[PDB]
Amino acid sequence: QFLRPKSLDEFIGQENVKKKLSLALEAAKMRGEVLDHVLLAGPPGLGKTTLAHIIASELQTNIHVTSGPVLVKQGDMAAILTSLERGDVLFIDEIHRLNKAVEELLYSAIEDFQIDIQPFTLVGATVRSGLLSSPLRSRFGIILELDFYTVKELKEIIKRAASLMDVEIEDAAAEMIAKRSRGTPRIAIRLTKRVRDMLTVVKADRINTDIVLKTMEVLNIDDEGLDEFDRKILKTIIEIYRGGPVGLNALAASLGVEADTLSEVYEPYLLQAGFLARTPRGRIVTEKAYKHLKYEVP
């Protein structure tokens, strides 16, 4: 966790998110009040969990980490709720996955802090806020939508990670990794770790473009940052479904993966980067996809 930002000042990018959260956070600390409930939404690896921890640290309260799919029976939820101290942060990742039982219980503690529960701050995280129910969603006073990071922001994150790992890196090299990070800090840091391994084995003084290219070849990451499965999704649509449109369920079954993982984990970046598009009849690949994967444009 040595690479995990401990405060907003150490959290690169997400300017709109930071200013909104900072405003609410500072104000609450100044008044000694419990912070309004916060919902963090965006694809994986963007910093939702990191922001949840930062919120508690800034408030100087304790954070209770839990997972929606974990809270099965009301007993589990009720127990966690009663363990909360005034001002504590209850962090629920994949909160939209809470069953009606534990959800209705949680909702109750939000209306009047009684199911007596100590006033606390509910911080939920989900890949997409739309997955939450109408009731629970309207209970969040602050909703922070995180989008993919820019290449410039990612480069900054990469240089920071390199420094923390005691390794020198050239700007052009950091740029190359960032361009292949699929707009995600998690990916950018893992790629940096792997590039570090290559520097180690080739005994270099610092990471350059050559070292990065060698690493990307070993990792099978192309010039667009797409990995094996990313290409597998596009190739399946192209070859089996003639480019689409293909329904999410049909596509997921052909790939042997859950539909949720496909649409919530991999599709986001592919849509953002213009390789995929969604239509009422289903997903389709774009001309950019065909060209990039060197498939004859039908």
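The first residue of the shown sequence is 1; numbering continues from there.
- The gap between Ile115 and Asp116 holds 10 or more unmodelled residues of the deposited sequence.
- Two stretches are in play, 146 to 154 and 164 to 172, and the higher mean C-alpha B-factor belongs to 164 to 172.
- Looking at 257 to 265 and 237 to 245 together, the entry lists the larger mean B-factor for 257 to 265, computed on C-alpha atoms.
- Highest C-alpha temperature factor among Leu226, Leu219, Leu136, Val195 per the entry: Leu136.
- Going by the entry's values, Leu106 shows the largest Cα B-factor out of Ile92, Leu106, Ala188, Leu199.
- Sort the chain's modelled residues by C-alpha temperature factor and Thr82 lands in the highest third, per the entry.
- The entry lists a Cα temperature factor for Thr50 that places it in the lowest third of the chain's modelled residues.
- Looking at the C-alpha B-factors along this chain, the one for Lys232 belongs to the lowest third.
- Compared with the other modelled residues of the chain, the Cα B-factor recorded for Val212 ranks in the lowest third.
- Per-chain ranking of the deposited C-alpha B factor places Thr126 in the middle third.
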